[PDB]
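Chains as they are written, first to last, in PDB author numbering: chain A, 1323 to 1370; chain B, 1323 to 1370; chain C, 197 to 245; chain D, 393 to 441; chain E, 393 to 441; chain F, 1176 to 1224. C-beta: ideal position from N, C-alpha, C; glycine also.
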Amino acid sequence: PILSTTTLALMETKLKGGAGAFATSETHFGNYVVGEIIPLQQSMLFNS
Amino acid sequence: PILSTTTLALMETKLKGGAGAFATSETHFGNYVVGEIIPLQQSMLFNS
Amino acid sequence: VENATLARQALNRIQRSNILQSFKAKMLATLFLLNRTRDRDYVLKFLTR
Amino acid sequence: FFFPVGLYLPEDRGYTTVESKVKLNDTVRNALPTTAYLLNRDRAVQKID
Amino acid sequence: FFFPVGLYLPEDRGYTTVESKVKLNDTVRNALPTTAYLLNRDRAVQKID
Amino acid sequence: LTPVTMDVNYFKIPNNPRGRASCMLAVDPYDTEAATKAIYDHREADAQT
């Protein structure tokens, strides 16, 4: 699974999170995010 | 992009926020901020 | 000392403005530093400079 | 990789776990999703419809 | 550098992410921002309209 | 000038203010027709957005 959301609001909530925030999944009344199991987005960009 | 805001409230929150807050890109109903991507405003100020 | 190397004629206006901006920043930074900050690196660097 | 779009969570079991963090205004476009957001090669947001 | 002024985000997909931190009183003058705020060379706020 | 309902997320990333990227390290070398198609042909998708 890859980080995806049904509404930009939770995406903006994810973008502000600290290190490793992408991994955790979150849901709302009718919206959700699924976290990527592999921390690919943090690891790949960390190389610069 | 440079740190910009469409209402004084978010600008005041940015000033009150600690180091590293300028990179954030928070939003609101019809108000928003765009955070600087290079931390220029913090790095430049330190050396006077 | 940090702007002595670029001025090579009479002070152009922009250089003087830079001098004033550095004046206001350094003046607000330097006031009562010994009472303000008490870590070794800052004090040693300040005295050396 | 696989990712879903256009899903409908049951209303008679609805719940929130982010109430203190995010708040969406009352409009059916938010209530019933029809869009998904994903990241590109560079860490930027992209939209699929 | 570039910066946007006078934009209008969609209302039907409106959303908030700072509700616990900041609050604005109900007035359309706030709802449709006609000005932008930017930072001077020194950390001071500038007001373009 | 720029329309009112511009997608603001375009401004949150390093981008070209023209609204359409034209970086010439992407196009094939000396293919003038391909380069002008990349810049001006709005019946073919832009890169990076």
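C-beta atoms of residue 409 of chain E and residue 1348 of chain B nearer than 7 Å: yes
Determine, for residue 1346 of chain B, whether the minimum Cβ-Cβ distance to residues of chain A falls below 7 Å. Cβ-Cβ to chain A under 7 Å: yes for residue 1346 of chain B.
Leaving out five residues on either side along the sequence, give the residues of the same chain with a beta carbon under 8 Å from the beta carbon of residue 1185 of chain F. Once the five neighbours on either side are set aside, the close Cβ partners of residue 1185 of chain F are 1194, 1224.
As assigned by DSSP and simplified to three states, the class of residue 1326 of chain A: strand
Does the contact criterion of 3 or more C-beta pairs under 8 Å hold for the stretch 416-432 of chain E versus the stretch 412-428 of chain D? no
Residues of the stretch 397-417 of chain E in Cβ contact with chain A at a cutoff of 8 Å, in chain order, please. 405, 407, 408, 409
Output the distance between the C-alpha atoms of residue 435 of chain E and residue 239 of chain C, rounded to the nearest integer angstrom. 25 Å
From B:1327, B:1339, B:1353, B:1350, pick the residue whose C-alpha is nearest to that of residue 1364 of chain B; which is it? B:1339
Given a cut-off of 7 Å on the beta-carbon distance, is the pair residue 1344 of chain A and residue 1334 of chain A in contact? no
Taking the DSSP output, what are the residues bridged to residue 431 of chain E? Paired residue(s): E:437.
Residue 1222 of chain F burial status per 10 Å Cβ neighbour count (16 or more: buried): exposed
State yes or no: is the beta carbon of residue 1184 of chain F nearer than 7 Å to at least one beta carbon in chain D? yes
Within the continuous alpha helix (DSSP H) that includes residue 1215 of chain F, where are the two ends? 1207-1215
When burial is assigned at 16 or more other CB atoms within 10 Å of the CB, is residue 422 of chain D buried or exposed? buried
Can the beta-carbon of residue 394 of chain E be found less than 7 Å from the beta-carbon of residue 1192 of chain F? yes
Report back the beta-carbon spacing between residue 424 of chain E and residue 407 of chain E to the nearest angstrom; my notes put them in contact at under 8 Å. Actually they are not in contact, since the Cβ atoms of residue 424 of chain E and residue 407 of chain E sit about 17 Å apart, beyond 8 Å.
Measuring CB to CB, does residue 414 of chain D end up less than 7 Å from residue 1331 of chain A? By the CB criterion at 7 Å, residue 414 of chain D and residue 1331 of chain A fall inside the cutoff.
Put residue 238 of chain C into one of helix, strand or coil per three-state DSSP. DSSP, reduced to helix, strand and coil, places residue 238 of chain C within a helical segment of the structure shown.
Can you list the residues of chain A that residue 1349 of chain B reaches, using a CB-CB cut of under 9 Å? Result: 1330, 1331, 1334.
Kindly indicate if chain C contains any beta-carbon less than 7 Å away from that of residue 1370 of chain B. With 7 Å as the cut-off, residue 1370 of chain B counts as an interface residue toward chain C.
Given that residue 1324 of chain B touches chain I, what residues does it touch there, using C-beta distances under 9 Å? The chain labelled as chain I is not found among the protein chains of the depicted structure, namely A, B, C, D, E and F.
Which residues does DSSP list as the beta-bridge partners of residue 416 of chain D? Note: residue 416 of chain D sits in a beta bridge opposite E:407.
Please confirm whether residue 241 of chain C has its beta-carbon closer than 7 Å to some beta-carbon of chain B. no
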